[PDB]
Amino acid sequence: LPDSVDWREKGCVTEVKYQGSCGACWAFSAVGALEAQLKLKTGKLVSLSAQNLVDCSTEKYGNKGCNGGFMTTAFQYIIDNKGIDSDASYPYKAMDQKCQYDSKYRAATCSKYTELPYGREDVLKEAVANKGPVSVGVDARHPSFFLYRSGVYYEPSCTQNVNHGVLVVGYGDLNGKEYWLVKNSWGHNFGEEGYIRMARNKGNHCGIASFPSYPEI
């Protein structure tokens, strides 16, 4: 496997989004993963509608809109729905709204999704290198997470009790510290222009490899 990977260099990652006061991290994680696959398949980079997931992938998928959701069930909704609209056609409002999906605005489809084995960072590395960005959950509740600015994030108080859905778009090594390149959805003001490098191969730090999954088209 390559020593390092960064899907941004392959034009497979869209601009960092700002979820605001709506707990839609799961939706942004899911669309980010599908966006890479869409780019890989069609050659076109297109932001997908996180709002579409918030408003439509709901109760039936065990999701709660602005109150939380799952990337895997969001993927299944896209499969069941036979599509997901573009962000431009169905903009993000950081609120729970009535489902307004319209296939006339469909920008991607999903045929299946895969959940990686729990806590295996080597398997996660293989997937990020060979398949594309991977949706994951991390423990982002520690004060240090919000204040991250640079370097490689390592928090002794971190746990494998994850609460925040984000996207791994790469991995590598910085000054002797291996890391996972993570795309957050708290806008460009957070961390390194919206990204955070989180410790890799450090005992599944913050649960980053606890619940990984990626869709396919």
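Residue positions are given as counts along the sequence shown, with the first one as 1.
- When the mean C-alpha temperature factors of 130-138 and 95-103 are read from the deposited coordinates, 95-103 comes out higher.
- Mean CA temperature factor is higher for 145-153 when stretches 145-153 and 164-172 are set side by side in the entry.
- The entry assigns its greatest Cα B factor, within the set 65, 43, 32, 62, to 43.
- Among all modelled residues in this chain, the alpha-carbon of residue 85 has a temperature factor (C-alpha) in the lowest third.
- For residue 19, the recorded CA temperature factor ranks within the lowest third of the chain's modelled residues.
- Annotation for residue 212: CA B-factor lies in the lowest third of the chain's modelled residues.
- When the modelled residues of the chain are ordered by C-alpha B-factor, residue 37 sits in the middle third.
- In the PDB entry, a CA B factor belonging to the highest third of its chain's modelled residues is recorded for residue 11.
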